[PDB]
Amino acid sequence: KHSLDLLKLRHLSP
Amino acid sequence: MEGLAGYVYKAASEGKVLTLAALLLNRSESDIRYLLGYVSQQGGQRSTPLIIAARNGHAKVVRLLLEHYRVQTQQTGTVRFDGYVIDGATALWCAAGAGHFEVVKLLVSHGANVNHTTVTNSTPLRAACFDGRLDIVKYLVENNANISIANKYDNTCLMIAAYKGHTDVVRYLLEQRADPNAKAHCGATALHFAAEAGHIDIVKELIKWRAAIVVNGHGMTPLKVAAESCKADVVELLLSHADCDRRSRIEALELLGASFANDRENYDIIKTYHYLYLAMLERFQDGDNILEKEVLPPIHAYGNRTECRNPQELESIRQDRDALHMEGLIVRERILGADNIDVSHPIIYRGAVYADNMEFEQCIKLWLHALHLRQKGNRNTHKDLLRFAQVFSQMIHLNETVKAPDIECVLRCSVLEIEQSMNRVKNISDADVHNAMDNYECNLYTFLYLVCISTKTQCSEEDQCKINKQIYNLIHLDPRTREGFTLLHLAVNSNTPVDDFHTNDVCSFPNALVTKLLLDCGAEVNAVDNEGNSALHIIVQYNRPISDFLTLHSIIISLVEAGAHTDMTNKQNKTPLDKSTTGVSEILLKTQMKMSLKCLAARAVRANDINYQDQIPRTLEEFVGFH
């Protein structure tokens, strides 16, 4: 359907 | 002797104590250093034997390497391959990231760098906080580790620990003279990440340590981020801090009600109305008049609703779910403005829901509002146009007359976004050149889907003229894909992808209607890709000359009768009859082929290599260059 299609790491480096 | 180094890397990675002991047996000091310092690659990462021995948690191997052999704990390698290509990571960083307390204790005690600084200034304490093991963090901090050292974006050890759901390490850091007022590149402090993640304990321990609530870079206090992330229990504890005043409380409650109204995972209606009515109550219960709010004018996307400024206006929309969605969208818009990053996503989700339950007109209104908001913010609207193509194809497949002004607006924003994508390609040199080109090709394909949907709708004279004007603007912009295909090569190529959703049922390339519409808008019919194939060399290769012969005939007579050259030769020295591979297409092109003295003279000139530079008119140099 349409809703079942919609499913920053640079600043989160360890 | 790279074979010994490879075997030693394998024995260290897999924790083979006996094999590594046998391998490094009978070796000299220079040989020992060569084998124990060599950089090996075993998929994605450069790593030394000791880096990969400590990163795999082989305590016996690491202890064996440091006891007898005089190995050093300052070597350089790469550790991860999930969007994280980080160089300069020593063995401490690898051990902390992998969360092995038993190796980091045996590594520090043998003369190691507790506060090593890698390429992106990531202390080993940052990796241990990322994993969340208290024992590694405590051992590092007790062994002279700096807590305030952050990366270039100012993401301290505390902030990455507050981002994740680790409570013990956060409480320990706040008990170890840490700084709760860190300022990142975007203004985000520790409270923003901890609040948006949804960890009540981290936020409580920070506000216990005088967290000093300050608005971030993008005009958002931590309460606003917590409310935007649909976290009710996080928001309902900062109001007791006694420094929140009243307007901040009200806007936090209103944003929380908004985000509850229109969200996918935690979609509530009783909670939405409960929090919205609490906010309105606290607004209108003051007694000395009211505490009024400035409200945006009625937005046409959300019907004609001027939100709710009356006690009998929220009590009368408790029992409606569409009204709650519209009101939540309106208050979220008036709180977050229009330039915020995550203001358009609830609009997109509500449009998707409205499309799913057959409310196509309201879907269109909401999604045009979403694209307008994203164009104001200049975000990446490459998927949004694809979703429009899918919705319009579903409309046509349902025999629904799609409104033509909506298609005109979608096409106008599609051409604006394609120009933006061309600028981005011209700007992004090499960091994301393949990503930019993929986005550009996707945008061109979506524009073609919109064009095909436009051909499938019976619009009036003015609407068709406006669609023609938009296509005229984009054609004169002259887009080109990575293969050199223009908007005309793709309209005739059978290999152009169509999205797996409903767009397969309407937009079926090649289309005679799409090609005729493009040629009516001054399309470059003689356009040539980097391979050399023209708009006519591609269509004649069509593998279905009988099933949709009309869609072939009306696309091979439209090209030739407009401006196409039937005998023009690509870079592989192939006449379009040679690159045909189909009897029907060859005959249908030969019936449109008028022999002329110009083509024969040009072919006779090109065949025997006659120097035709500057001895013929400038418009015939390209003519001879064709054949």
# chains A, B, ... in the order shown; residues from 1 in each chain; ligands from 1

$ residues_around --residues "residue B:373" --least-positions-apart "6" --cutoff "8 Å" --atoms "only C-alpha atoms" --output "PyMOL selection string"
chain B and resi 338-339+344

$ interface_residues --of "chain A" --to "chain B" --cutoff "6 Å" --atoms "only C-alpha atoms" --output "NGL selection string"
:A and (2-3 or 14)

$ residues_around --residues "stretch 524-537 of chain B" --least-positions-apart "4" --cutoff "9 Å" --atoms "only C-alpha atoms" --output "number ranges by chain"
B: 475-476, 478, 480-493, 519, 541, 556, 559-560, 562-566, 568-572, 574-577, 579-580

$ residues_around --residues "residue B:284" --least-positions-apart "6" --cutoff "12 Å" --atoms "only C-alpha atoms" --output "ChimeraX atom specification"
/B:250,277-278,290-293,309-311

$ write_last_selection --atoms "N, CA and C atoms" --output "compact mmCIF listing (two decimals), in the first residue's frame"
# COMPACT_ATOMS: atom_id res chain seq x y z
N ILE B 250 3.29 25.53 27.44
CA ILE B 250 2.14 25.48 26.55
C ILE B 250 2.55 25.00 25.17
N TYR B 277 -6.34 19.36 24.88
CA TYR B 277 -7.25 20.02 25.80
C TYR B 277 -6.54 20.48 27.06
N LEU B 278 -5.52 19.75 27.51
CA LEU B 278 -4.73 20.25 28.64
C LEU B 278 -4.03 21.55 28.27
N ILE B 290 -6.96 35.96 28.85
CA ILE B 290 -6.50 34.66 28.37
C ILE B 290 -5.00 34.75 28.10
N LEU B 291 -4.45 33.65 27.59
CA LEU B 291 -3.08 33.61 27.08
C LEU B 291 -3.22 33.17 25.62
N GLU B 292 -3.44 34.14 24.74
CA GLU B 292 -3.81 33.87 23.36
C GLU B 292 -2.59 33.44 22.54
N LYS B 293 -2.85 32.88 21.36
CA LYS B 293 -1.80 32.45 20.46
C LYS B 293 -2.08 32.99 19.06
N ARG B 309 -9.85 28.16 18.55
CA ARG B 309 -9.66 29.23 19.53
C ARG B 309 -10.91 29.44 20.37
N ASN B 310 -11.49 28.37 20.89
CA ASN B 310 -12.79 28.47 21.55
C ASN B 310 -12.97 27.20 22.37
N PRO B 311 -13.46 27.30 23.60
CA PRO B 311 -13.74 26.07 24.37
C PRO B 311 -14.74 25.13 23.71

$ residues_around --residues "stretch 22-25 of chain B" --least-positions-apart "3" --cutoff "7 Å" --atoms "only C-alpha atoms" --output "ChimeraX atom specification"
/B:8,18-19

$ write_last_selection --atoms "N, CA, C and O atoms" --output "JSON list (two decimals), in the first residue's frame"
[["chain", "number", "residue", "atom", "x", "y", "z"],
["B", 8, "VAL", "N", 49.29, -14.92, 10.27],
["B", 8, "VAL", "CA", 49.29, -14.34, 11.62],
["B", 8, "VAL", "C", 48.05, -13.47, 11.83],
["B", 8, "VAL", "O", 47.45, -13.49, 12.90],
["B", 18, "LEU", "N", 47.58, -21.12, 19.93],
["B", 18, "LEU", "CA", 48.62, -22.08, 19.57],
["B", 18, "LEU", "C", 49.14, -21.85, 18.16],
["B", 18, "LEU", "O", 50.34, -21.94, 17.91],
["B", 19, "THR", "N", 48.24, -21.54, 17.22],
["B", 19, "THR", "CA", 48.66, -21.29, 15.85],
["B", 19, "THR", "C", 49.52, -20.04, 15.76],
["B", 19, "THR", "O", 50.54, -20.03, 15.05]]

$ residues_around --residues "residue B:246" --least-positions-apart "6" --cutoff "10 Å" --atoms "only C-alpha atoms" --output "PyMOL selection string"
chain B and resi 239+252+282-283+291

$ write_last_selection --atoms "N, CA, C and O atoms" --output "CSV table (one decimal), in the first residue's frame"
chain,number,residue,atom,x,y,z
B,239,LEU,N,8.6,20.1,33.3
B,239,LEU,CA,7.8,21.2,33.8
B,239,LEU,C,8.0,21.4,35.3
B,239,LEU,O,7.6,22.5,35.8
B,252,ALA,N,5.2,23.2,24.4
B,252,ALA,CA,5.5,21.8,24.5
B,252,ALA,C,4.3,20.9,24.5
B,252,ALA,O,4.3,19.9,23.8
B,282,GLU,N,-4.8,25.1,30.1
B,282,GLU,CA,-3.8,26.0,30.7
B,282,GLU,C,-3.7,27.3,30.0
B,282,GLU,O,-3.2,28.3,30.6
B,283,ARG,N,-4.0,27.4,28.7
B,283,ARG,CA,-4.0,28.6,28.0
B,283,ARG,C,-5.2,29.5,28.5
B,283,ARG,O,-4.9,30.7,28.7
B,291,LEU,N,-4.4,33.7,27.6
B,291,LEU,CA,-3.1,33.6,27.1
B,291,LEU,C,-3.2,33.2,25.6
B,291,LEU,O,-3.2,32.0,25.3

$ atom_distance --atom1 "atom CA of residue B:452" --atom2 "atom CA of residue B:506"
7.7 Å

$ decode --residues "chain A" --atoms "N, CA, C and O atoms" --output "tab-separated table (two decimals), in the first residue's frame"
chain	number	residue	atom	x	y	z
A	1	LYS	N	0.83	-1.20	0.00
A	1	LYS	CA	0.00	0.00	0.00
A	1	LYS	C	0.86	1.25	0.00
A	1	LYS	O	2.03	1.21	-0.37
A	2	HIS	N	0.28	2.38	0.42
A	2	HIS	CA	0.99	3.65	0.42
A	2	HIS	C	1.68	3.93	1.75
A	2	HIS	O	2.81	4.42	1.76
A	3	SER	N	1.02	3.64	2.87
A	3	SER	CA	1.65	3.85	4.17
A	3	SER	C	2.80	2.88	4.39
A	3	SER	O	3.79	3.23	5.04
A	4	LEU	N	2.70	1.66	3.86
A	4	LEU	CA	3.76	0.66	4.02
A	4	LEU	C	4.86	0.81	2.98
A	4	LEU	O	5.29	-0.16	2.37
A	5	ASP	N	5.34	2.04	2.78
A	5	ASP	CA	6.44	2.30	1.86
A	5	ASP	C	7.39	3.31	2.49
A	5	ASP	O	8.56	3.42	2.10
A	6	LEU	N	6.88	4.06	3.47
A	6	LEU	CA	7.64	5.15	4.07
A	6	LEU	C	8.59	4.67	5.16
A	6	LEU	O	9.31	5.49	5.74
A	7	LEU	N	8.61	3.37	5.45
A	7	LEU	CA	9.49	2.82	6.48
A	7	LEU	C	10.96	3.01	6.12
A	7	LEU	O	11.62	3.90	6.65
A	8	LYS	N	22.53	11.46	9.37
A	8	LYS	CA	22.76	11.93	10.73
A	8	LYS	C	23.81	11.06	11.42
A	8	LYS	O	24.31	11.40	12.49
A	9	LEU	N	24.17	9.96	10.77
A	9	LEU	CA	25.18	9.06	11.30
A	9	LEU	C	26.56	9.70	11.38
A	9	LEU	O	27.42	9.20	12.12
A	10	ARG	N	26.81	10.77	10.62
A	10	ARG	CA	28.10	11.44	10.67
A	10	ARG	C	28.35	12.04	12.05
A	10	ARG	O	29.47	11.95	12.58
A	11	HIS	N	27.33	12.64	12.65
A	11	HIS	CA	27.45	13.22	13.98
A	11	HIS	C	27.36	12.17	15.09
A	11	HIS	O	27.58	12.51	16.26
A	12	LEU	N	27.04	10.93	14.75
A	12	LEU	CA	26.88	9.86	15.73
A	12	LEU	C	28.01	8.84	15.66
A	12	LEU	O	27.81	7.66	15.96
A	13	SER	N	29.20	9.28	15.27
A	13	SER	CA	30.34	8.38	15.20
A	13	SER	C	30.74	7.94	16.61
A	13	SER	O	30.69	8.73	17.55
A	14	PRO	N	31.13	6.67	16.78
A	14	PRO	CA	31.51	6.14	18.10
A	14	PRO	C	32.83	6.71	18.59
A	14	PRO	O	33.44	7.56	17.94
